[PDB]
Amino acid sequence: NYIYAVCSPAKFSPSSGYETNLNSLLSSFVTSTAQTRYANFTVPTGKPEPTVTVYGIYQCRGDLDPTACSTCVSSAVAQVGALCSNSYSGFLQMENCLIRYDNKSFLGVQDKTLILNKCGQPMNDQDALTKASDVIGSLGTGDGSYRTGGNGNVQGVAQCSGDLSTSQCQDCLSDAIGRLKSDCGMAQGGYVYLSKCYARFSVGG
């Protein structure tokens, strides 16, 4: 029910303020999905406190209705505890949403590092190869932080973490889409997840 989880080696102490603030942060994510598909939070609210302050975001796919966004984020919160347990930093990516938290702010910090890239099996079908090429490339020329394109039965999606600037988003996506095309462009789908953005496509289904 998830794509990847990243959990820091460094752990907070049991029943510490950090743990308590994290749990409060995560509950806040769920609440916030009623209003918006992306939000950033600090707990506690106010001046950073040594050790215990938590920073986080959630982000739903850019076309999700609030009900679908709540369901996804709730599930992410329910899963991240099991996977990341007492890590200071946790990042859980699902198909339709992510949650991310850390013990320092990561807002507006570019990070194009690769997390996960998987390609499908290979597609003489120049129609299919053309469509895939055109769809994947269309994601790069598209605007803003959530981009989709489709031709026939070929569908592409690209999304930047909501904290990135316009420029940072395009830079991240340029990399992700470049990798997606270069490595998976002849395949029956594929996905590239970088730290702060992703690009993916599917053929059929």
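A residue's number is simply how far along the shown sequence it sits, counting from 1.
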item	value
Absent coordinates between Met123 and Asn124 - deposited residues affected, binned into four classes	1 to 3
165 to 173 versus 135 to 143 - which carries the larger mean C-alpha B factor in the record	135 to 143
Given 5 to 13 and 185 to 193, the range whose Cα B-factors average higher in the PDB entry	5 to 13
Highest-ranked of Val30, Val54, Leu180, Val157 once sorted by CA temperature factor in the record	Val30
Identity of residue with top Cα B-factor, from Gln59, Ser70, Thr148, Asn153	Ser70
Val77 CA temperature factor, ranked by third within the chain	highest
Entry-reported Cα temperature factor of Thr130, expressed as the chain third it lands in	highest
For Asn117, the third of its chain into which the C-alpha B factor falls	lowest
Chain-wide C-alpha B factor ranking for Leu98, given as lowest, middle or highest third	lowest
